[PDB]
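By convention in this document, chain letters (A, B, ...) are assigned in the order of the sequence lines, proteins followed by strands, and residues within each chain are numbered from 1. We count ligands from 1, going down the list as the structure has it; atoms in each ligand are counted the same way.
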There are 2 protein chains.
Amino acid sequence: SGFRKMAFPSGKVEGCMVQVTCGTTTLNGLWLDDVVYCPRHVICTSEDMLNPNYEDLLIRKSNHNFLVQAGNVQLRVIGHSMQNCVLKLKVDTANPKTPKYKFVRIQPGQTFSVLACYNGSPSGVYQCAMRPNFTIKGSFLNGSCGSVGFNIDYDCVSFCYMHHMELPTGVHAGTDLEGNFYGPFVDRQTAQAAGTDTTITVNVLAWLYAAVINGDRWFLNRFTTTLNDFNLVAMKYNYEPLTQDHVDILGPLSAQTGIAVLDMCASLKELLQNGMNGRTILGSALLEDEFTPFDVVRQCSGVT
Amino acid sequence: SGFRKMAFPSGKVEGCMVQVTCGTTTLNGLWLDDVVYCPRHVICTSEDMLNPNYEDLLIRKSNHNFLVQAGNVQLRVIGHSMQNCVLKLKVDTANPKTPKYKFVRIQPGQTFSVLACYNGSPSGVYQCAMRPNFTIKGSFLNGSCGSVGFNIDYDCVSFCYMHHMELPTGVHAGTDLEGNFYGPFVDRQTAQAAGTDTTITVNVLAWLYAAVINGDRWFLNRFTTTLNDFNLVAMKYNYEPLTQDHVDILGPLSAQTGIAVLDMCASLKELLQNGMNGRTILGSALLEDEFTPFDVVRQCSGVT
Ligand SMILES: CN(Cc1ccc(Cl)c(Cl)c1)c1ccc(S(N)(=O)=O)cn1
Ligand SMILES: CN(Cc1ccc(Cl)c(Cl)c1)c1ccc(S(N)(=O)=O)cn1
């Protein structure tokens, strides 16, 4: 028992992290097979980042201008291409540590692990969620660009995020591994305000189920509600609307705890309306929304 | 910027995790060089765990009774010995993935990463603290015993914890890699109540410094205090007494933010007395105590 914000074991991804330098910009790349994926802004200088013309900047760059270092061994770059906001550097050596992998684009409210890296070297691993406004709340210093987000299903790493920037507001934006930004963000040093950071209702409900399953029961009440009634309260509190699809996804946890999803919604409704009154749930004084229903089942069932 | 509860990258430790089976008990072992370390309770059956005589139980066990599996390959056990509460299984093969490593016994308030494992296979990684009552608040299901806690300094893994049990109260107890329990706990299914789970003051202060450094400034006040005055309030709130050693340890963060340690203590004092008033610090509604001053500097400086 006990419930922790758990990341995937990072080893399979550690074995893919390299350093990419172009001129005076160093950041991280992802080495899978004979391709290194990195943010295209690696080609950008100081004055370039205000309104960079990536096509024009890239013309001035040859394969030999991209310095790719794996540990303390240099990889030979035999090709480069820009796909959306990422560069693909073809190297002459397949990464011998390439895991089974996929590139997935995740939906807002889905969670993933980040392996924060500097100079192609891992600093730490943490779990976060794609926010409903398509930001993530990360831990990224200068040099962390090209750090990746991922999920693992047994031995298959699904890469879903590559870090590109911290926005003016101290929140983070990046791309899938096809180089498409999540949300409306662009790889340019400009005004980029995020939308409302709404709470991922279905995740809160999952986490309340985790709380029940690990003994924190105090917030269970005598009430029920309907989706429509609950959603009136969700709206008021900047919670994502709950859909029948979310109810279906919570079916497993509903079954286990024998608590109907709508009864848990009524518990969440009272918590929203009444607050915690100085009490805690799974060591938190706020309602946690970076566990998916799948995460709660995975952690409660001990999948490896 | 941004501040996350970050674990060490787990790869170096993933490469050390094996499965140990004795009779009908399966749990995890740590394979370093030609030794596998695992909880001694691996030899215990259903009725054994109420008051096991480990010396007597171990007499009935031979090397061939300890089944050690690394991935899906069996290791040959050429010796076994009990050291305190761990078994050391000598195998005929050095772990080719053995990292540089040390065994350290940590002090309460020190943090470490856990790699939660089942059947010698990694499920997830998370950061926790040795509590002042020598428990940890983990995420451990049946089969997770022998999962380890560790810190990394560059390429050296310092192993500090091996999981042995969840106590009646839903909190966790284990040993250093010499097999000595943290705190008064024993590897026996008996009444084992934990002491007061006090808050790690020096860690809270570190985390308030992290908050300032990443822009959450609202709790900074016009006041100062003394260690003695602060400690009167700490006592009242089940916070660990703050010592001059803790002040010295916070010197780096004091310097950076230009906020004196005693001024930050006065901020913490008001937060204790007044509460958060529904506000948050680094996305938390309670004062976080599982970051050490060293952790805050490491994360804020991007050590790999
Ligand atoms: C935190 N960070 C790096 C940084 C900033 C200031 C200093 Cl003093 C240092 Cl050492 C490093 C950035 C960099 C660009 C942007 S942006 N896209 O809004 O211009 C935001 N954040
Ligand atoms: C949570 N856990 C395993 C468990 C418990 C009950 C069930 Cl239903 C299942 Cl599936 C698994 C244990 C096991 C022993 C103890 S102790 N040392 O206090 O007796 C505490 N917790």
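Note that atom 8 (Cl) of ligand 2 has no protein non-hydrogen atoms nearby, at separations under 4.0 angstrom. At a distance under 4.0 Å, a protein heavy atom can be found next to atom 15 (C) of ligand 1.
In terms of protein heavy-atom proximity, atom 18 (O) of ligand 1 is closest to A:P168 N, 3.0 Å. Given atom 1 (C) of ligand 1, the protein heavy atom at minimum distance is A:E166 OE2, 3.7 Å. Counting only heavy atoms of the protein, atom 11 (C) of ligand 2 lies nearest to B:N142 ND2, 3.3 Å.
Residues A:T111 and A:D295 have side chains that bring a donor and an acceptor to within less than 3.5 angstrom of each other. A donor-acceptor contact closer than 3.5 angstrom is absent between the side chains of A:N119 and A:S121.
A salt bridge is absent between B:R105 and B:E178; no separation between the charged side-chain nitrogens and carboxylate oxygens falls under 4.0 Å.
Taking all heavy atoms of A:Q189, A:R188, A:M165, A:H164 into account, the minimum distance to atom 19 (O) of ligand 1 is reached by A:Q189.
The shortest N or O to N or O distance between B:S1 and ligand 1 is not below 3.5 Å.
Within 6.0 Å of CD on A:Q192 lie more than 12 heavy atoms contributed by other residues, nucleotides or ligands.
Counting heavy atoms closer than 4.0 Å to ligand 1, residue A:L141 contributes nothing at all.
Taking the six-membered ring for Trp and thresholds of 30 and 60 degrees, A:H163 and A:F140 have nearly parallel ring planes, at less than 30 degrees apart.
Side-chain atoms of B:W207 and B:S284, non-hydrogen and from C-beta on, do get closer than 4.5 Å to each other.
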